[PDB]
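Novice: Have a look at this one before I ask anything.
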Amino acid sequence: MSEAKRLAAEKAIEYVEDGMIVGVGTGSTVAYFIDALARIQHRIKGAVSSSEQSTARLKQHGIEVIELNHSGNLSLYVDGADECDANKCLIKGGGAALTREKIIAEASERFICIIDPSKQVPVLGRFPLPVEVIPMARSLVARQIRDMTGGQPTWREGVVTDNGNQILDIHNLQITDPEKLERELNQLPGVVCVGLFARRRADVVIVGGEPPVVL
Amino acid sequence: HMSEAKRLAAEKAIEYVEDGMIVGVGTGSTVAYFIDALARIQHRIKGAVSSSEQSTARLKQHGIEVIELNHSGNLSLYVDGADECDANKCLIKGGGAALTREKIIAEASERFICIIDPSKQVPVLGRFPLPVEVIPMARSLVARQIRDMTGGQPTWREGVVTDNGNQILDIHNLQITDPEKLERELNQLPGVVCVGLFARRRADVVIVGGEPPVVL
């Protein structure tokens, strides 16, 4: 899907305007966007980064990285998704960076989501739902999620997020109501972030291909 | 001034400790009396699950075994203080920055006993500012959002870092007449780690220290 990823990333460049501080996602599709952004870096002020990995990639291209606390709100955030449904609700966090992704997206006027066709699904959940948890809460949250959803939480054992937390991946869900599930999981003490983007979903979905399809 | 009231509230809370329990333990100056009282009955408990590194040191100083919540599983009893307690037993917590692990252990516990002196009783929560634990890179965003949503005044508790590596915003000037609603709303903000309202899961028993303590 490398060509589809690159084509989606190049289409997203059309949304970058002179003088922007661009919010930058994480992952293999975003890698193509970082490479393309480097070619126009004379036109931008810099980037706010959703992961230490993305920060290193931006810096390797000479792009200035700015903290969200310093930039304030942004106009544009570009990132990928592990799954995207027909209502533009997403599962994110396959690379464990969901928390800073969700924060930067929240601070951005428009979220342009770049995907290849394999990410389009009719019902979220075949890709397990990532949930970032305070480590000492891990087993409690797993029990609660099992009780609430009937899904199967599994610790992504050994993975530590940029924020020092652990990840539970919730298997076997059919998330037909992501708005509700996100709101309910957000209430559990020890949950740091839920990998559903539904309260604040993608504004634009770019599906890579020749030509890209813009939803 | 309130030292005797704190001591007496903690004494009454000991009456809820059953032989063999793993006791969930809060944080703060009122809980300090409860930790010292637990030490006096240490032969009657299996150990304790601790809401802060500070409480862990105080428990270990008395030879009480400290057990991880991941290992204990759910608990029967959690005992902790509060910065404010309204008439419906909704609480503001986090004055000592330990609200997140406190809320987690309280959630895992069947009965939450809250030990307070009379100065913690309020008709409406909010004169004591509401603590919110935040991801550091989200701090300014969350402050803007809370200001817009509530009309309150967020202030960074600058320099304070929680046991979880996060920062604290204290929200001033709220009159929180519906704590469960505000808690639910603030919990939806990306970058909020924990909200210092205990309302969805509130105190089951409130012990107000005095001679004798009042059990509410």
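If you go along the chain as it appears here, the first residue is 1 and each next one adds 1.
Determination method: X-ray crystallography, 1.5 Å.
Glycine too: its Cβ is placed from the backbone N, Cα and C atoms.
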Novice: According to Swiss-Prot, B:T27, B:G28, B:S29, B:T30, B:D80, B:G81, B:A82, B:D83, B:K93, B:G94, B:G95, B:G96 bind substrate; which one of B:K60, B:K120 is annotated to that same site?
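Specialist: Site partner of B:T27, B:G28, B:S29, B:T30, B:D80, B:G81, B:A82, B:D83, B:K93, B:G94, B:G95, B:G96 for substrate, according to Swiss-Prot: B:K120.
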Novice: Identify all same-chain residues not among B:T27, B:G28, B:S29, B:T30, B:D80, B:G81, B:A82, B:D83, B:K93, B:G94, B:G95, B:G96, B:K120 whose C-beta atom falls within 8 angstroms of the centroid of the substrate site's C-beta atoms; report them in sequence order.
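Specialist: Near the substrate site, beyond B:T27, B:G28, B:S29, B:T30, B:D80, B:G81, B:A82, B:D83, B:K93, B:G94, B:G95, B:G96, B:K120, sit B:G26, B:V31.
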Novice: Among B:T27, B:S29, the binding-site residues in question, whose Cβ has the most other Cβ atoms within 10 Å in this structure?
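Specialist: Result of the Cβ crowding comparison: B:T27.
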Novice: Count the Cβ atoms, other than its own, that fall within 10 Å of the Cβ of B:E102 (active site, proton acceptor), considering every protein chain shown.
Specialist: 31
Novice: Between all pairs in B:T27, B:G28, B:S29, B:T30, B:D80, B:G81, B:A82, B:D83, B:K93, B:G94, B:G95, B:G96, B:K120 (listed as substrate binders), what's the biggest Cα distance, rounded to the nearest Å?
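Specialist: Binding-site diameter by Cα atoms for substrate: 15 Å.
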Novice: So if the criterion is CB under 8 Å to a CB of chain A, which of the recorded positions B:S29, B:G95, B:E102 qualify?
Specialist: none
Novice: Most Cβ neighbours within 10 Å: which of the binding-site residues B:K93, B:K120 is it?
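Specialist: Going through B:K93, B:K120 one by one, the largest Cβ count within 10 Å is at B:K93.
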Novice: So, in DSSP terms, is B:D80 (substrate binding site) helix, strand, or coil?
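Specialist: In the DSSP reduction, B:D80 (substrate binding site) maps to strand.
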